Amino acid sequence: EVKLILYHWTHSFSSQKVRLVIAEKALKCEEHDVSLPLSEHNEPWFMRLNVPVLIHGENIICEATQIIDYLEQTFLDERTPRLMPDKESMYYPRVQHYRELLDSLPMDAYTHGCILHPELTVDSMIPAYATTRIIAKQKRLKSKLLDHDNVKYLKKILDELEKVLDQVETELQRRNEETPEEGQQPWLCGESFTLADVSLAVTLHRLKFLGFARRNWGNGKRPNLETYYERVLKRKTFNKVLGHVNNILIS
């Protein structure tokens, strides 16, 4: 067969979505984790949060959204699951809507703003010493201003994250209303696991890692979202691909 080759960083947010798609679609892929256990400065992966590429025959595709679009387009065997409904379907506008809504979130800024200013996280899974590493009065006020602006920005996107999850919460509430409690529960947009679901699951898993989870769900807040998360953690594909991607004890 025409080999599928993927170069990626095991712990990068974009890599996680690609590898999960490959697993949802049951595709055979020669996956190369180019990341090292120890860096040139002898630092583990959780201290280095800062694009993947697919080679399939004559095609070379970079960036995760493009790779996944390529996979959904080219692997059309009847046994291969589709993660998107047909373009002429009732459901396509809704799946593409939430997929874009979640793929638009500034995850890089959430992680950068977690290492810096960890006082806005709760139960962050990154060690606290990651924050410590990362006359002249002109500079004393210079750096105070950059901190003031960096926080004003971080707080702003965290408020924008809440409003995105509010829609997801409301959407998941519509599914809970439409589904008997005794029976198979649907996913975000329907009975089928879609690309909107991989973007949501991987996003939530990372917000958990950054300590931005208790702020947004749990202890009565967004119960449908909490249920959705504890469920995808049990999903066989998710656990195999991402089961221990938040475990800083594993290299």
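The numbering used is simple: start at 1 and walk along the sequence shown.
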| query | finding |
| --- | --- |
| Length class of the unmodelled deposited segment, which would lie between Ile134 and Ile135 | 10 or more |
| Gap size, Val51 back to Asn50 (deposited sequence, no coordinates) | 4 to 9 |
| 157-165 versus 87-95 - greater average Cα B-factor per the deposited record | 87-95 |
| Segment of higher mean CA temperature factor, 38-46 or 22-30 | 38-46 |
| Out of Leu172, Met125, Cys114, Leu141, highest CA B-factor residue | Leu141 |
| Residue with highest C-alpha B-factor in the PDB entry, from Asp69, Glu226, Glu182, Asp197 | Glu182 |
| Third of the chain's Cα B-factor distribution that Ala201 belongs to, per the entry | lowest |
| Chain-wide C-alpha B factor ranking for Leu249, given as lowest, middle or highest third | middle |
| Position of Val2 among the chain's modelled residues by C-alpha B-factor, lowest, middle or highest third | highest |
| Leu210 - which third its CA temperature factor falls in, relative to the rest of the chain | lowest |
| CA B-factor ranking of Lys240, expressed as a third of its chain | middle |
